[PDB]
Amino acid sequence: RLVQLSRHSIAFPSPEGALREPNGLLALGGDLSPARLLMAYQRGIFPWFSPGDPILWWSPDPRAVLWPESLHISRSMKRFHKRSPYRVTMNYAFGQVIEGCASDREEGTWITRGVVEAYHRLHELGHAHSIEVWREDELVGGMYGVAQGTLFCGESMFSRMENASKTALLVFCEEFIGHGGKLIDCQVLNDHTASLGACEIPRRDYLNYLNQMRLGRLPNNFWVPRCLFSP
């Protein structure tokens, strides 16, 4: 059954109880406060809803996921990256990035003003991180998400220049993999997610990786704002 959240509790219902159709719908209401969001991510839940509607929480089954090493990179893209015109930094402009994704008319709809301020908050508290792609001094691409130990929950990505988000993702994965990263959550499997090399795994499996991975960890300074790639 669909649980109505309220200001009284920050907890969530067991995901095993999410609806079948729409795939994942678990609860609604509450708010997008930091503590509630973390509470959600740690239980394999995430918010998604359009402007005007109440907050919706999901935990779909199967779950979209991306194993860093299985990231698909075309022969063409490698040639591009070997002579990349982009620079990739970490946590330099979280705001510009999420704003870029929100700006995307075709996919940024669910990124309302309330969602933006919410994740910016998680960013300032150090749980949300952004990968930025620069061409000269102009942000032309990026991605962002929530970290859970060796698990990364991908929120969204955007691009204003050819191959910008592929670079963000290509570089992040190298970094992530090289320091102990394990999995990237793509939430739902679709044309975009599938093109990156994401695959579906049962929810029960995702939750078990979740509880396992948020306990594991990366270098003390892994999420510190820095440059990840420069030509």
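Think of the rigid core as the biggest set of C-alphas that the two forms share within 1.5 Å after superposition. Residue indices: 1-based, along the sequence shown.
Asker: Superpose by the rigid core: which stretch, 31 to 39 or 185 to 193, shows more Cα shift in 8 other deposited structures of this protein?
Answerer: Of the two stretches, the larger average C-alpha offset in 8 other deposited structures of this protein falls on 185 to 193.
Asker: Kindly name the stretch, out of 6 to 14 and 207 to 215, whose CA atoms are displaced more from this form in 8 other deposited structures of this protein after the core superposition?
Answerer: Comparing 207 to 215 with 6 to 14, the one that moves more in 8 other deposited structures of this protein is 6 to 14.
Asker: For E136, do at least a third of the other compared PDB entries give no atomic coordinates?
Answerer: Across the other compared entries, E136 is absent from none.
Asker: Hey, does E106 drop out of the model in a third or more of the other PDB entries compared here?
Answerer: Across the compared entries, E106 is left out in at least a third.
Asker: Of 190 to 198 and 64 to 72, which one has the bigger average CA B-factor?
Answerer: Going by the record's values, the stretch with the higher mean is 190 to 198.
Asker: Averaging only over Cα atoms, indicate whether 117 to 125 or 100 to 108 has the higher B-factor in the PDB entry.
Answerer: It is 100 to 108 that shows the higher mean C-alpha B-factor.
Asker: Which third of the chain holds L28 when residues are ordered by C-alpha B factor: lowest, middle or highest?
Answerer: Answer is highest: the recorded C-alpha B-factor places it there.
Asker: According to the PDB entry, is the CA B factor of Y86 in the bottom, middle or top third of its chain, that is, lowest, middle or highest?
Answerer: Its C-alpha B-factor belongs to the lowest third of this chain's values.
Asker: In terms of the chain's CA B-factor thirds, is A11 lowest, middle or highest?
Answerer: As the PDB entry reports it, the C-alpha B-factor of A11 lands in the highest third of its chain.
Asker: According to the PDB entry, is the CA B factor of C227 in the bottom, middle or top third of its chain, that is, lowest, middle or highest?
Answerer: Answer is lowest: the recorded C-alpha B-factor places it there.
Asker: What third of the chain does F80 rank in for C-alpha temperature factor, lowest, middle or highest?
Answerer: For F80, the deposited C-alpha B-factor lands in the highest third.
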